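So here's one chain in two forms, each on its own in structure tokens, numbered structure 1 and structure 2.
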Structure 1
């Protein structure tokens, strides 16, 4: 049904696309579509225009960066499947940049708190053990 069926398979294709990019039903017809998608997206990695066009853009930035770039990709009123896929590609690039920066920043912030507590509360005690080597002098378990 070329009315609603489009979006159900779009949401499905997109999610499968993103998920793949991040690693580096899904029935019969769907499988074969996903495959071509993967092929087109893989080809896009070598598309120097696309690559330039994304490069000219400061990521981990608001929806205003997305909707503007998405717009320039279709300024000329023309459409094709390569252009549609390149939209997905962009969305994936944005997800991947986010992960690449927001995730290590998450990890760093929490490492921050831990080491903060460790200094203000444990540094002293650890000194008395002879340092971190007291750790191998330990085969017990905490109880509270």
Structure 2
């Protein structure tokens, strides 16, 4: 096999680190070796510090994420457009990738609540309404609760 400098190892470890990092932040498990676990620890605590950077959250909050793929490539290109590289920017990019996951979920949610409310209210109208009327409507539920 190749050592740490091979592109194959770079892609392999990159995926592990990236997956471990993102998943960690989303629950709020990926089997990995010791040095990779050590990097993941460093990653996790830095992520924690950025979660407390309140300006950044507002910064991340304001970008519209209806086209999240466009947003990612635009931010990434810009981060590295001056032709400089350093590990801090790479870290920052990872942090940003994990925030996109959460940001993206957050835009699905209202539509999901709407779809499910649709089912529930449809079922309620066609199947429970007659019975609910017999209770004198939702005030009957107040009685039930003893209010």
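Whichever C-alpha set is largest while still superposing within 1.5 Å between the two forms counts as the rigid core. Numbering follows the first chain given and starts at 1.
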Core-aligned C-alpha movement of residue 77 between the two structures, 2 Å or more: no
- request: For residue 10, state whether the C-alpha moves by 2 Å or more between the two structures after rigid core superposition.
  value: no
task: Inspect the rigid-core superposition and answer whether the C-alpha of residue 59 shifts by 2 angstroms or more between the two structures.
output: yes
message: Once the core is aligned, what is the C-alpha displacement of residue 19 between the two structures? Give it in Å to one decimal.
response: 1.0
field: Backbone CA shift between the two structures, residue 134, after core fitting (angstrom)
entry: 9.6
task: Mind pulling the C-alpha shift for residue 41 between the two structures, with the rigid core superposed, in Å?
output: 2.7
